Ligand SMILES: CCCCCCCCCCCCCCCCCC(=O)OC[C@H](COP(=O)([O-])OCC(O)COP(=O)([O-])OC[C@@H](COC(=O)CCCCCCCCCCCCCCCCC)OC(=O)CCCCCCCCCCCCCCCCC)OC(=O)CCCCCCCCCCCCCCCCC
Ligand SMILES: CCCCCCCCCCCCCCCCCC(=O)OC[C@H](COP(=O)([O-])OCC[N+](C)(C)C)OC(=O)CCCCCCCCCCCCCCCCC
């Protein structure tokens, strides 16, 4: 699915247009950490489900 | 060289069915010299000065006296019959302009005539300025056949370029002559009123008088235009739909809707560099600066010019911009592309670029172009 | 009651007519304007969160939203846009029906019109008007309107 | 008389379908009154999920070959052509759903059943209506009526499903004791 | 000797407005059995309804009718793109089934 | 309130025409100096606007009156252009009343205690006033040009000595009969707004005062004051724009501002004067409106009541 | 907000001086007793509709 | 500069002024904790 | 300088001259936020720019 | 802030604490800073 997909997203160009030195632009493929938002969603609602 | 055309649709591609992959226009036997592509129709000038227009012939475009589709390439009978060789051509949304070798300038197409007698022109004219086209006729009347622009000579001119409904001619002396729709500062002359007849641009004349800056070139697409002056600076003016102007200091401020007067692009990311050349596409602006560095703005991604991170080892020869895409061609013919410009990409990818496959074309890509959805490559 | 309903609105038309009390056409058009603003905002939000077709992006895969949340996020965005579009379509149908009724057919909410005519404490009980008051409604009309009789059902079940 | 307001003059389609379903379930309507209405119901379903299919090639031969459609096809991206086709087909589908001959026939059959109910129980036909669930539809109530018809008028009746013939005791309801008191709670 | 004190109490102002609403509404409902008819002055109710959508649409300049039309077109195209990209995997699976056969 | 109307006596076309002409001639003769002062106040603040602050905002009507009197022509100097004003007003009233009477007789309800709602009568009155104002725009233009000159430089003045003289000069100099209709759309808009801004507010407050204080005698006059205020609030911007369009000279040189239409005049008023620039001469306009309306209503009510008592109508029907 | 420190400037020109403004608001204030009594008694029709009306005997 | 929307610029300034005045009034008289303004509101 | 509140000795230290973080080598992704709390539009003091 | 850009969106998580038409969040709806 990401064979010819570039590294940068929209937020990367938006960050390149800002003076936010604390954030950097991703330089590697995101296949390793794909679908991490679901992990963080679970962590956010983890103690609230029961 | 042979022509190659592709794009989202099949209006001005010279064919009847659309194709993303480049397709070889061979109706010309390697004699294509210049190509100008509008949103919906294309005009090609061959080696012998003949003019061939094709695509959507709305509002009397294509120089054939009709208002129907002519997808196949076809010569313009006005110039071929008289054997009047054409030097250059400018194609806009519904108009065409031809500069012949004797300096005469002809135009034909939409001119601002109302579509029907029943329309809300009362309220609109109470609100908006009167509609106009890129014809130098002096009235809002469509020209179904080519007709000369009175009192306009283009001999030795630096450049000529036009947007959707306006046109601009930069002479050898740096004088800028504009005509057409100047609403929202498309012409950069500081007025929103239409210019039915060509007029000398007062702002650039003032710049050359006081500041001493001579206009190197002007290139337009859509309702947006960019000018390169004597110093290595870009002055953008027009409607800033998707950040093409590159004038946004603070990314979060949505106050850059349009620029009535030519405003310099944000020099923040290329301090100390001078722009060598530039290219303007419908929602994008891509310019190369003398450190062999490619900066871009537009596509709703960059509202100020940010550097394209393609390798700088090889000198960049050609630039091309188009709707949601752009590309750069180096000395070796390698074509870096933001989005699918050519339509075929190799597995070589980088942070913000792909590499167009060389197998699409049979030969060396001499020229690239096309700014509204349909793109072309002149290949030797 | 078995708690099968909470809002007691049978459909969106009932909601707009009764809960929002858009009985007249100006009220219906004001609600339509509000719905149009809401629908435009929802469309903009969906296009911002899943930018397909905006910056040359053509595939849902090539968005950061899909990278983070995957197909579940796309399903959620599609459901949100579908619900907003459905409600906007219902509101548009309600507004067009109210325009056709009140403006073309010149129909009105007649109890609302009656309340408009008398501002609470007016003296408009006239003998010339049979419907002005209970005292001025003639007895012959009362006798005549009640002459017919209901049919007796046949308990064939 | 066309001037007398029927008791269900304000009911929605879901309310009418639920009234018919409750009448059949409560053994007020027999299985001899359903076979026409049920048939219409099935046709209506076929009139809903087949129309876009029927409308897909026809437009390709009639509307999508017109000048405006060809202009859109030739001067706009393929995604906009798909959007135009889908929007046209969806608008036609909505217009068909609102104004369908088979939908009118189904409404007429439901009206006939409601008229039969009013002829049988009189004004107590209004007692068949309730506060319906929000997301249960007229088609769902029609499907429930069809399911009840299949259960009663078929095998397993009396084995898995109650029979259509009632066997309620013969008592005098004026004097027979009732479960609920008028005002208080009783034990 | 006291630290800097914030000079505004917005949450306090709104908590007090809610206290006033609670007092009046609850007392009228409990004792007078009255509930205000918000539909009598329907335009106050509309101002309540309008305020939920005004600001967010104001951010994108949706008071301009042209922006609304452009947004409607773009949103519908976005929806169509998502649906088509959802349903193309069916064709991919069909081709895979052909090769598997 | 739809049963509350009292139309047991309907005047004929001859009666309404004669009564309107006579009574409105008297009313226009009484308040023409006030109209003159209002037009002069609107003229003197075209490119300037309202520049004072707080309670001093606006143009003092008495100051303008004193200046016009100190010119040296006396009170007769406030009646310059009165021939044009009177002829235009009478023609406008004739056309408007004829059309209103015709459309009303075709549309009025059968019962004598019923009448058209204020929206229907407002539509009829707006159409009638628009038509009549479009037809009498040349006379209004001549009157406004006669009033405006005097507050303009000598080379900017037109010099009209009458209505026919002014019409001949406009047609001959500017060219064609289309010149007589300069700013006629402004007059149409002004008449449309004026014909719908008085009946509505008057009946509202009149009936509310009756509901509160019973059948006293001051109810109609308090309602008349209120209706005059709201009609002046609604109509004054349109009157201002009509004055600006009428007074604009043919030569673009001889103008403080040049207007290409109604919208252009409104835009250049908002740019230089602001919104508050619309309401200049509000006191004069409101006073003239109230005096004209009071005179017309008083005299017409007296005459029509005298006619009704001779027709055998009972007291409660009058 | 969120980018201005919550502090007090050293200079005295940072004092919040009170300056007067428009007067139509105080025109409303000056007629406040008249408006309030009119509102209550007439607008609310207190004690009843017929109290403030000009008195008439019954027929 | 022959801009076509000078009146529009004036109206834009009016809208900005109205929003600024709304924020000013809310922050100064409704949301405040200043004892003098609270006392005047009490009066 | 801020002519109403500031002094002429108000020179911002450029981001280049500020001291780099060397206390530990592990990253601190709290300053990013989370995809969950960015999705929920929650404002936190630890990822405020 | 209507038609005038007073605040600095580069220094705010959520631009939209006040009704405005001239501000846009730097981290938009679909933007997620990640490692
Ligand atoms: C097993 C799966 C587990 C989960 C897997 C992972 C899933 C990930 C994806 C989740 C969904 C993604 C799509 C989200 C779409 C929106 C994106 C967005 O950021 O929007 C901006 C919005 C706020 O943007 P902003 O610019 O910061 O505005 C600030 C204030 O909100 C400004 O407030 P305001 O007062 O100024 O404005 C009022 C109003 C203004 O509203 C508007 O402008 C437009 C809103 C629509 C209006 C429609 C009007 C129609 C016409 C009516 C006309 C008649 C008159 C009506 C009168 C009555 C009016 C009341 O604004 C709102 O209502 C904003 C809140 C909207 C929340 C939507 C939440 C549901 C989304 C998903 C629906 C799924 C449906 C079923 C899907 C499946 C189907 C098969 O973001 C949020 O509100 C963030 C929270 C909601 C986003 C989703 C969070 C999901 C969290 C995980 C869920 C886990 C499972 C469930 C448990 C959850 C426990 C907490
Ligand atoms: C409020 C009135 C109270 C009156 C109380 C009882 C008063 C009894 C004594 C009255 C003495 C005066 C009687 C004069 C009778 C006429 C005499 C006559 O013919 O004189 C020759 C005058 C004309 O002569 P003249 O004015 O040119 O003077 C000649 C002398 N020179 C030229 C040197 C100055 O006749 C008229 O003026 C009659 C024409 C009609 C006048 C109508 C005036 C209307 C005023 C409206 C208000 C003011 C304008 C608006 C201002 C505010 C705007 C908001």
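Protein chains in written order, with the authors' numbering: chain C3, 199 to 248; chain BP, 83 to 462; chain N, 54 to 210; chain J, 48 to 234; chain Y7, 303 to 403; chain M2, 1 to 318; chain 7C, 119 to 177; chain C1, 16 to 58; chain A, 197 to 245; chain K, 24 to 58.
Cβ coordinates follow ideal geometry from the N, Cα and C atoms, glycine included.
Among 412 (chain BP), 157 (chain BP), 291 (chain BP), 120 (chain BP), whose alpha-carbon lies nearest the alpha-carbon of residue 173 (chain BP)? 120 (chain BP)
heavy atom of ligand 2 below 7 Å from residue 76 (chain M2) C-beta: yes
Residue environment, residue 407 (chain BP), which counts as buried when at least 16 other CB atoms sit within 10 Å: buried
At which residues does the alpha helix (DSSP H) containing residue 198 (chain J) begin and terminate? 185-199
In chain K, which residues lie with their C-beta within 8 Å of the C-beta of residue 363 (chain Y7)? 44
So, for residue 207 (chain J): in the same chain, excluding its five sequence neighbours on each side, which residues have a beta-carbon less than 8 Å away from its beta-carbon? 198
Heavy atom of ligand 2 less than 7 Å from the Cβ of residue 82 (chain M2), yes or no? no
Note the first and the last residue of the continuous beta strand (DSSP E) segment covering residue 84 (chain BP). 84-89
Taking C-beta pairs closer than 7 Å, name the residues in chain J that residue 324 (chain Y7) reaches, listed in chain order. Simply none; closest approach about 30 Å.
So, for residue 449 (chain BP): in the same chain, excluding its five sequence neighbours on each side, which residues have a beta-carbon less than 6 Å away from its beta-carbon? 460
Are the C-beta atoms of residue 203 (chain A) and some chain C3 residue less than 8 Å apart? no
Which of helix, strand or coil DSSP assigns to residue 158 (chain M2): coil
Which residue from 260 (chain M2), 142 (chain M2), 189 (chain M2) puts its Cα closest to that of residue 170 (chain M2)? 142 (chain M2)
Assess, as a yes-or-no matter, whether the stretch 271-288 of chain BP is touched by the stretch 213-231 of chain BP under the definition of 3 or more beta carbon pairs within less than 8 Å. yes
Cβ of residue 124 (chain J) within 8 Å of Cβ of residue 455 (chain BP)? yes
Quick one, which residues of the stretch 99-116 of chain N are near chain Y7 if we go by CB-CB under 7 Å, in chain order? 99, 100, 105, 106, 112, 113
Rounded Cβ spacing between residue 155 (chain BP) and residue 133 (chain BP) (contact assumed at less than 8 Å): That pair is no contact at about 11 Å.
Mind checking residue 134 (chain 7C): buried by the 16 CB within 10 Å criterion, or exposed? exposed
Going by beta-carbon coordinates alone, are residue 202 (chain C3) and residue 431 (chain BP) separated by less than 8 Å? yes
Measuring CA to CA, which of 31 (chain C1), 56 (chain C1), 32 (chain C1) is closest to residue 43 (chain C1)? 56 (chain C1)
If you measure between the beta carbons of residue 97 (chain BP) and residue 153 (chain BP), is that distance less than 8 Å? yes
Using 8 Å as the limit for Cβ to Cβ distance, is residue 359 (chain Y7) near chain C1? no
Residue range of the beta strand (DSSP E) that residue 423 (chain BP) falls in? First-last for residue 423 (chain BP): undefined, no H or E at that position.
Report the neighbours of residue 182 (chain N) on chain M2: residues whose CB is nearer than 8 Å to its CB, in chain order. 3, 113
Please report the residue range of the beta strand (DSSP E) in which residue 143 (chain 7C) lies. Counting along the chain, residue 143 (chain 7C) falls outside any beta strand (DSSP E), though it belongs to the alpha helix (DSSP H) covering 142-148.
So for residue 146 (chain N), helix, strand or coil by DSSP? helix
Cβ-Cβ separation, residue 196 (chain J) to residue 76 (chain J) (assumed contact under 8 Å), whole Å: Not a contact, Cβ separation roughly 10 Å.
Output the distance between the C-alpha atoms of residue 200 (chain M2) and residue 114 (chain J), rounded to the nearest integer angstrom. 52 Å
Min CB distance residue 131 (chain N) to chain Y7 below 8 Å: yes
Give me the residue from 311 (chain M2), 91 (chain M2), 211 (chain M2), 44 (chain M2) with the minimum Cα distance to residue 22 (chain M2). 91 (chain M2)
Leaving out the 5 sequence neighbours to the left and right, which residues in its chain are closer than 6 Å to residue 288 (chain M2) when beta-carbon positions are compared? 31, 34, 35
Compare the C-alpha of residue 79 (chain N) against each of 305 (chain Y7), 344 (chain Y7), 380 (chain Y7), 310 (chain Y7) and name the closest. 344 (chain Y7)
Three-way DSSP call (helix, strand, coil) for residue 201 (chain A) in this model: coil
Classify residue 92 (chain N) as buried or exposed, calling it buried when 16 or more other Cβ atoms lie within 10 Å of its own Cβ. buried
Neighbourhood of residue 101 (chain BP) by C-beta, 7 Å cutoff - its chain only, sequence neighbours within 5 removed: 88
Quick check: the Cα distance between residue 309 (chain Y7) and residue 38 (chain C1), rounded to an integer number of angstroms? 15 Å
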